[PDB]
Amino acid sequence: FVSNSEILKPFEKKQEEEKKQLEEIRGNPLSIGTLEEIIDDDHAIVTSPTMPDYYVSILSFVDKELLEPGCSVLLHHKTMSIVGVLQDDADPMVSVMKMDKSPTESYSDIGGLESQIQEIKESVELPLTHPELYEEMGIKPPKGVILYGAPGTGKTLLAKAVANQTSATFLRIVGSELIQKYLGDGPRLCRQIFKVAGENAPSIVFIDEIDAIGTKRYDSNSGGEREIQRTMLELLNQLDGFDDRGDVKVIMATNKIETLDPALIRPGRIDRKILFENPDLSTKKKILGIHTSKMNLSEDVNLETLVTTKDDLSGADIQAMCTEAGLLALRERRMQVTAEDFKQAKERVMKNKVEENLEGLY
Amino acid sequence: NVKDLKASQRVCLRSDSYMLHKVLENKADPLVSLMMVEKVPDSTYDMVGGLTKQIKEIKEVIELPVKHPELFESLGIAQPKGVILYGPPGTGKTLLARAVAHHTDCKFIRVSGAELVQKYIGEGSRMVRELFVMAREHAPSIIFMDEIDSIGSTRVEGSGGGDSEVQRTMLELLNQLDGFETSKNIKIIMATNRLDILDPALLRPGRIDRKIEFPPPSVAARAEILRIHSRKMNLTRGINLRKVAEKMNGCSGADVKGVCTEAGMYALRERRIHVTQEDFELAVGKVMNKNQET
Amino acid sequence: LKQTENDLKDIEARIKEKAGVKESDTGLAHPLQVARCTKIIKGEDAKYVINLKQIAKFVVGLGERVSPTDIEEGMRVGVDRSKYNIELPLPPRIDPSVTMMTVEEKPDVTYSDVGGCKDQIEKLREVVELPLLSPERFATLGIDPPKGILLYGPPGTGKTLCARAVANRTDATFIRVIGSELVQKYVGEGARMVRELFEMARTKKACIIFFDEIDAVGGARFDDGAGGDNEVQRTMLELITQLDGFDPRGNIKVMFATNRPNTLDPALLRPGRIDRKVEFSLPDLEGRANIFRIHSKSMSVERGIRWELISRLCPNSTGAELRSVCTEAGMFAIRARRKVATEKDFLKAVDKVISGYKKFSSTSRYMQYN
Amino acid sequence: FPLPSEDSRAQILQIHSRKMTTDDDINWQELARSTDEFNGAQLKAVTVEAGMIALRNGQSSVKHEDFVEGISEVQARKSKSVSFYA
Amino acid sequence: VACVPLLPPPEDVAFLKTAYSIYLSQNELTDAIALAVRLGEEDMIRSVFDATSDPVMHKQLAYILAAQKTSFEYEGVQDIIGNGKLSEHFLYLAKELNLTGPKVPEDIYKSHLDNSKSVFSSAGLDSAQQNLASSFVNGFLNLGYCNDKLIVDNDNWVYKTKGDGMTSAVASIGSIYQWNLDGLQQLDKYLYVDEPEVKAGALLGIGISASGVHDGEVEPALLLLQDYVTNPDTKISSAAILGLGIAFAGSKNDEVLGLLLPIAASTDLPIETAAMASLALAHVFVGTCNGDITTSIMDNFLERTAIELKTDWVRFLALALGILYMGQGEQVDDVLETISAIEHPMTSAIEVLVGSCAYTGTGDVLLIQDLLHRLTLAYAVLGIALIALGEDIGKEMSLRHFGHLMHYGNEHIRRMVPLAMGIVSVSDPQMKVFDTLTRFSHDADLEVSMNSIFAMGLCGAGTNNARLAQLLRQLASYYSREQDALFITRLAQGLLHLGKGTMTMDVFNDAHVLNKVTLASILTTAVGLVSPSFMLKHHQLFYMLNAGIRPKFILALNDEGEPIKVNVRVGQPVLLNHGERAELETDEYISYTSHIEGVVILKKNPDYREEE
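Residues numbered from 1 in each chain as written, not as in the entry; some residues may be left out. Chains lettered and ligands numbered in written order. Part of a larger assembly, values for the part shown. Heavy atoms only, no water.

The deposited coordinates derive from cryo-EM, with the record listing a resolution of 6.3 Å.

As annotated in the PDB entry, chain E is 26S proteasome regulatory subunit RPN1 from Saccharomyces cerevisiae. Annotation of chain E in UniProt includes, under Function, the sentence "Acts as a regulatory subunit of the 26S proteasome which is involved in the ATP-dependent degradation of ubiquitinated proteins." UniProt annotates chain E under Sequence similarities with the comment "Belongs to the proteasome subunit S2 family." (UniProt positions renumbered as here; feature names shortened; annotations may be inferred.)

Under the PDB entry, chain D has the name 26S protease regulatory subunit 6A and belongs to Saccharomyces cerevisiae.

Right, dumping it as structure tokens:
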């Protein structure tokens, strides 16, 4: 390199000498402690399973931003004074958190639902890559979205396709394990998720099927079980009490959020309503027709034959009718499925999960 | 040097200076705490019978998406998901599900359901992604949900507590390996006894394909274990597996192993090396007395 | 390479920093959990050596004289365990131990609902801002400003928005502590550990703390609990202890948050830990006309719009519910692609949001008294 | 603690009024009759909030009406409403 | 077009010579606007527009052309539309001249501001500590509308402040009348009466409106420069040099050079603090070829008499040599061997800046490596990192060369670091730029950290807001450091909200050529922005940034009176309608010869025609 002659000459002379001064303050235990609090007089607090007792004073190489209250640091060999700092990476010791991956997703199988597909894209995907329109208008966009209905029918599969359309960091947090019989574990782990991840702007947290939290009835705090009502009280702090700049986004898709809803949603932090809709003749063709793009079957059978008369078969119902009819034809080692497997797969799906209330006329 | 140092290796360190001298040994043999992962278990072909209709169903469940998953993308469909198997009590279903990993050229991972539930700071919440790392290390493996399964008569497998949280965890697991990873080499097989607390959110067309029912015990089903366990157990040639089974009742998979165990205790009184049909009738009524209780 | 050359003057100054360490070089090498030193070599009675740990627990009855000449040995001597006071030699005492504290700076929140808060905010100003202006009127008249105050109503419709907006104009220390995480497990984690924050409030002045999530703290009991809520109830009683014997009201303020006023212990709601209550309900029509103005100050609107007919479509509501009308109105300019905010966008939004979108899921009959 | 009567609430208010500067127009038996089932914790808030009414009026000392205005302060839900009275 | 200086070093500009020669068939005038420019030969420019057979395209040939600025506005190139407006051979539209020379556009830009409305300002108030800062942003918020009617109500504008803060006054409120032709009536009312020091800085606010219209002046500005010189206290005349200096943006004029020549010939530094006119001459000749200014500069060297002992005016000639020769390349070769012939104790610390200005936007390895041994010298720095302002690739290999501006045992080297990444991103914000702000004024010497908050407003040119919202209200608590440090904070807020927040200097151009006037005024301020830096100079070095400020345009017009809805991918709206602002995004439908950003004439099928 060019500067290795001129500029490096009054450089390496002091670069090697300071390393010897490091060996004086380092040695090679490099004890890893924990810094509880920063003192303006440059003094620290040692932490270790051996119960250390030290007055150690904060040395150089660290600054006020690098030193953190309760993250590990490097210590001196004899005096045990603070020297360096530990670098955090990989998986933290907090609750389950995904890091990153790039999924392959688009709008294909959920085609025909575009009436409600372009609605969620306006409040989620658009206010991400184009951080504008809020300077001229001045209205804050909503935070998350709330979806209630039958998941996996293309309503929740819609959220799976939006996750890839963001082209950014996506987070998925489990909302089940909070219901543990222990009291007080709910509000703890939830706060540490959004606090540590606040550095990365994109989050878009998704949660599925919470049937527990939300017991209120006539009063705000009842004499019911404490494993439930207090766990929800943490979500009020995230959506109301302490609000971010629009980084964290919470999404919850459950069966019926009715009783659950107005303890959380608030008027205007999160505005979304999406319910499972019975597809019409046009929507059923786009759902079933696109699934057959890569599928091969008998050219003498029309895909719209069973579309005319059918009872509430969504994309989830078709996913099995394609697999059930596929495994029967694969037994003979053929890529095409006959017509008998089409009606045979529809019956067992309609006779199991699909049941009406036997309410006629009205 | 630093290039030859592998992660997690036993080395030597000085006393006062703590300086690294030389590499002594390698990574320890025992892994984690309790490892129930077993490849090619003691059950290979015939251990628990009744596999006539069971092999035919499980063949299109595990083998196809694991061995050659490209057959599904060529046909145009996607991979299936976990299957639920239920049957009558007195079976050994837990031991029966362990033989699924034999013909499929994979491993078998067993996960404790009740031990997954944890108080204080939840460990099971992290144990989901901890076992996901173990599932990531070994692709040819089958993760099983235990302690929620049926080894016999079972009433309540889930409730408002942590018991039903094990089945609700599968909601985020099926979305992790598909809606996130978009690659799944591992099928998680469930188990149960009766149908009571299963919600419509857990049972979906393509999350759970079919719930397999096991055949009830009968005259031919009482000789199930008698045609297998009799190999390692000493008997005589006057032992008719079908005729002696006609004198028994309510014993197919699990209890026949217990009746054959009680037959060994009766031979200890006579102190002989054989067990005849006379010692079988003593174990027919004694085992049924414990089942009729409660 | 700033840090590379910064250590050049720092290592040379490290010896100067070591010069202060040269006072006591024994035992190798201000917030503290418990006071701990090594042997306290420095130190009626003359020298004073006390340490509390797993080895060599010390106690001394006398004190208040100069043995050490200020700091000695492990540098940590002072308040821990309570019961223990080294004062006379420049103490590092009453200092926060290892704990979890949420401390932020400048919680900036603008005005939200001024409709019914005209004289209602003035009651909040009489809490904090009042003793910070003319304290002489307190001694002459014989009256004291309110300390404890209660917030009840729907979950953040412009009630909570007003709580965080007034705190920004106080220009003091802001600390947020909630009640949900407060439970934990160990006895004292939710009381004694928080008592250290209450004890520090009397030490460090100009501190303001808003108590949050009192539904997870207080509440009324009939069978006296099903278990596990005793420490939850003891924390309620621990808050009384700090207000029991003695406490100044100048530098310490108390504010709660909940959805209903009387759901607490009827003994807890008794006065003296709450001087005044914040009554938050649906204000009148013309009072909220300024809310439509606040959201339109930074919003481009077509000249000639009439807000009189827009307010008629909207019944009694709150501040946040009015922003939802403008929020969807901003979305009318997204899809339909409107240049500015027109009158037809606002007239339709009320029927689109309140009538159309809102429907069910709102707080109506859930507050009476209890 | 029993429910303080007329003469009982008077002696309690005399304790918190020692540091209060009044106009000597107050009748102790007059204010206690308007109060019912108000313990000393609620009686203390009357003397504290009495001077706050005179704060906006700029009065140098509280008067007999200011103590009645202490009841007008919102504690027991004494505030106003609509309909039958306006 | 944009790939000319990519793989090879920019040894020859020959790639910019013949380009439009391919377009001789259909006459593509879009990317052919800037070809022969930056050389100084304008004969090939007029031959490009001689192929036009289309009378309709001349409406589209106005906005895209006049955006060329420096190398356009020269006499006869800006009037090329007005030369044939009477007798039309190619049917050049007469209204196109008014679209080129910005006489009309002040009316159409004012009508377009009613879409997003605005926030007005008034009442400079009081507190001289904050009063100089109060009127700084007060004038920049009102650009595009006249709020000055309320300013006239004020009697004494400061009356508290002494020094140069009392001198420059109108410059704060003069930005309201910028480009405004009708605003000159109320602007001239600040001449008479007022205050003696306020009258001194009256010309500095007048020259703001004359930038770019210098060829379309209805009144000569040469007499206005001399009127303030004849006044008593000749130091006022030196403060009035920068008054017309903001108006130096425009064509090449020898009348303003002939008047300022004898002013620099008086050469009394210590007495009246004057003869600084040579510093403002850098903005006179830009993009053209002339050597006249260099002649008067050479004779001021050898003197070094007792009157010349001032160490400031000697340093003012270093920046003037680099701005005049920037982007030329023809007469720069003669200068490299000119000044180097005569040797002085301080010589190579100046002339080396001219050698780096021959090519702007692309780094030269030969020039960078040669200046490393010479510096290891005050103005020899900027001729290294400022070579390429348009190339971020050269910064990755120069990361160790940027280290030459930071870590050393000398604290004076850390003073010049803020201008490394600040001059490149001054037009448009970037990612890793704002991350440079950590700790500045907490060091020992106060003169080391200056441009810190200065670069916050410079790099803040952009949309209504920026990434400084974290430190926006944090800088207000630093008033206890230095008295002038509080006004430094306002310098950032003024450039963020400049021109109602929507008007900033940017790199957007239809010819893909950076603005020379914008880079000239920014380079005009190099070492220090204020007086207390080193010796006493002036506080008037701020307002010079108003020379190259012009509102940008994104609109689709088939006719000047018939607009049409546009579509732009920006949004939360998505594909927003006409009358708003966007950033570097195209449209949907197909126009005739271009389909680019800016003003473009559209066309539709008469069978099926979409009408708004």
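What follows covers the overall build of chain D. Each helix and strand in chain D was counted, giving four helices and zero strands. The N-to-C order of helical and strand elements in chain D reads α-α-α-α. For 86 residues, the compact-globule estimate of 2.2 N^0.38 gives 12 Å, and the C-alpha radius of gyration of chain D, at 13 Å, lies within 12% of that figure. Each of the three principal axes of chain D carries a C-alpha extent, and together these read 40 × 35 × 20 Å. (Helix = DSSP H or I, 4+ residues; strand = E, 2+ residues; numbered from the N terminus. Rg over C-alpha atoms; globule rule 2.2 N^0.38 Å.)

This brings us to the overall build of chain E. In terms of helices and strands, chain E carries 30 helices and two strands. In summary, chain E has a C-alpha radius of gyration of 24 Å against a globular reference of 25 Å for 612 residues, a match within 12%. The principal-axis extents of the C-alpha atoms in chain E amount to approximately 80 × 60 × 50 Å. About 30,100 Å² of surface is accessible on chain E, with carbon and sulfur atoms providing 57% of the total. Across chain E, the mean location of the 42 positive side-chain charges is 7 Å away from that of the 75 negative side-chain charges. (Areas by Shrake-Rupley, 256 points an atom, 1.4 Å probe, with all protein chains shown as cover. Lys, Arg positive; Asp, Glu negative; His and termini not counted. Charge placed at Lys NZ, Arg CZ, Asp CG, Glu CD.)

Right, let's get into the interface of chain C and chain A. Frequently, the measure chosen for interface size is the accessible area that the parts lose on association. The interface of chain C with chain A comprises 77 residues on the first partner and 67 residues on the second. Here chain C packs against chain A, burying approximately 6,600 Å² in sum over the two surfaces, 54% of which is carbon and sulfur. For the chain C face of the interface with chain A, the top three residues by lost area are C:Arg14, C:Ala29 and C:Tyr357, together amounting to 10%. Across the contact surface, chain C and chain A share three salt bridges. (Contact = heavy atoms within 4.5 Å. Buried area = accessible area lost by both parts, 1.4 Å probe. Salt bridge = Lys/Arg side-chain N within 4 Å of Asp/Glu carboxyl O.)

Let's shift gears to a negative patch on the surface. A cluster of acidic residues, A:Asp40, A:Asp41, A:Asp42, A:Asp63, A:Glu65, C:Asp10 and C:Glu17, forms a negative patch at the surface. For A:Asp40, a relative accessible area of 74% corresponds to the exposed category. (Patch = residues over 30% accessible without salt bridge, like charges linked within 9 Å, V, L, I, M, F, W, Y side chains within 5 Å. Buried < 20%, exposed > 50% of the residue type's maximum accessible area, 1.4 Å probe, protein only.)

Residue and element names in this part refer to chain B. When you line up the elements, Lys184 lands in the loop between α7 (165-176) and β7 (190-192). Buried and unpaired, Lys184 has no salt bridge, with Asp178 as the nearest side chain of opposite charge at 4.3 Å. Of the polar contacts made by the side chain of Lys184, one reaches the backbone oxygen of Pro80; its length is 3.3 Å. Beyond its immediate sequence surroundings of up to four residues, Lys184 is in contact with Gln79, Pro80, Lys81, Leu174, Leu177 and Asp178. (Polar contact = N/O pair within 3.5 Å; in protein donor to acceptor, adjacent residues only side chain to side chain.)

Looking now at the arrangement of the chains. With six pairs of chains in contact overall, the contact-richest pair is chains A and C. Taking C-alpha atoms only, the smallest gap left between chain A and chain D, which are not in contact, amounts to 19 Å.

Let us look at the UniProt feature "repeat: PC" in chain E. All names here are of chain E. Using the residue numbers shown here, the UniProt feature "repeat: PC" corresponds to residues 168-200, 201-238, 239-273, 274-314, 317-349, 419-450 and 451-485. Overall, residues 274-314 shows 32% helix and 0% strand. The separation of its end C-alpha atoms is 12 Å. In the segment residues 317-349, helix accounts for 45% and strand for 0%; the C-alpha atoms at its two ends are 11 Å apart.

Residues and elements named next belong to chain A. Strand order across the open sheet formed by three strands is β1-β2-β3, with antiparallel pairing between neighbours. On the outer flanks of this sheet lie β1 (32-34) and β3 (82-85), each paired with one strand and no other. Looking at each pair of strands side by side, their axes are set apart by 50° on average, direction ignored. Of the strand pairs in this sheet, strand β2 (residues 72-75) and β3 are connected by two bridges, and their pairing is antiparallel. Across the sheet, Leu75 pairs through a bridge with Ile82, a residue of β3. (Pairing = 2+ DSSP bridges. Axes fitted to C-alpha atoms, helices over the stretch in contact; angles between N-to-C directions.)

Moving on: the packing of aromatic side chains. This model, assessed by the stated rule, comprises 16 aromatic pairs over all chains. Summarising the aromatic geometry, the rings of C:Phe174 and C:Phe210 are spaced 5.6 Å apart at their centres and angled 80° between planes, so their arrangement reads as edge-to-face. Placement of the pair is C:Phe174 in strand β3 (residues 173-177) and C:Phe210 in strand β4 (residues 207-211), with a sequence separation of 36 residues. Residue C:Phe210 is classed as buried on the basis of its relative accessible area, which comes to 12%. Between A:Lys98 and the ring centre of B:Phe180, over which it is positioned, the NZ or CZ distance is 5.8 Å. (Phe/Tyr/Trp six-rings, centres within 6.5 Å; stacked < 30°, edge-to-face > 60°. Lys NZ or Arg CZ within 6 Å of the ring centre and 35° of its normal.)

All names here are of chain C. Together, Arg338, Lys344, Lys348 and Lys352 line one region of the surface with positive charge. With respect to the secondary-structure elements, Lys348 resides in helix α10 (residues 343-358). Under the relative-accessibility criterion, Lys348 is labelled exposed at 55%.

Taken together, the contacts link 20 residues of chain C with 21 residues of chain D. Summing the contributions of chain C and of chain D, the shared interface buries around 1,700 Å²; its carbon and sulfur component is 51%. For the pair chain C and chain D, the interface holds three salt bridges. The shortest N-O distance in the salt bridge between D:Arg56 and C:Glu126 comes to 3.9 Å.

A word on the packing of helix α1 (residues 9-26) of chain A against helix α1 (residues 2-21) of chain C. To describe two helices that pack against each other, one gives the angle between their axes and the distance between the axes. Relative orientation of the contacting elements α1(A) and α1(C) amounts to 50°, with a least axis distance of 11 Å. Relative to α1(C), the element α1(A) is oriented oblique. The interaxial crossing formed by α1(A) with α1(C) has left-handed handedness. Every residue of α1(C) that contacts α1(A) at A:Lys14, A:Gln15, A:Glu18, A:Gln21, A:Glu24 and A:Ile25 is listed here: C:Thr4, C:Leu8, C:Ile11 and C:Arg14. In the contact of α1(A) with α1(C), the residues fall into three nonpolar, three polar and four charged. (Parallel < 35°, antiparallel > 145°, perpendicular 65-115°, else oblique. Left-handed = near helix turned anticlockwise from the far one by under 90°. Nonpolar A, V, L, I, M, F, W, Y, C, P; charged D, E, K, R; others polar.)

The strands that make up a sheet pair up through hydrogen bonds in the backbone, lying either parallel or antiparallel. Residue and element names in this part refer to chain C. Spatial ordering of the open sheet is given by β1-β3-β4, a layout of three strands whose pairing is mixed. Only two strands of the sheet have a single partner each, and these edge strands are β1 (103-104) and β4. As judged from the five bridges shared by β3 and β4, these two strands associate in the parallel manner. Across the sheet, residue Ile175 finds its bridge partner in β4, namely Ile209.

Grouped burial of nonpolar side chains is what soluble globular proteins tend to show. Core analysis: the biggest nonpolar cluster contains 105 residues, and E:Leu244, E:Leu260, E:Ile293, E:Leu523, E:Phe542 and E:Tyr543 have the highest contact counts within it. No other element matches the nine residues that helix α19 (residues 313-324) of chain E contributes to this core. Excluding residues within four positions of it along the chain, E:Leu244 makes contact with E:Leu203, E:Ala221, E:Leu225 and E:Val256. A:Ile287, A:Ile318, A:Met321 and A:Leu327 belong to the second largest nonpolar core, which has 23 residues in total. (Core = buried A, V, L, I, M, F, W, Y, C linked by side-chain atoms within 4.5 Å.)

Below, the discussion takes up the packing of helix α2 (residues 114-123) of chain A against helix α9 (residues 319-335) of chain C. Where α2(A) meets α9(C), the axes come as close as 12 Å, and the angle between the chain directions of the two elements is 115°. Compared by their axis directions, α2(A) and α9(C) come out roughly perpendicular. In this structure, α2(A) crosses over α9(C), and the sense of that crossing is right-handed. Residues A:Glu119, A:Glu122 and A:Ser123 of α2(A) pack against C:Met331, C:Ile334 and C:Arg335 of α9(C). Residue composition of the contact of α2(A) with α9(C), grouped by class: two nonpolar, one polar and three charged.

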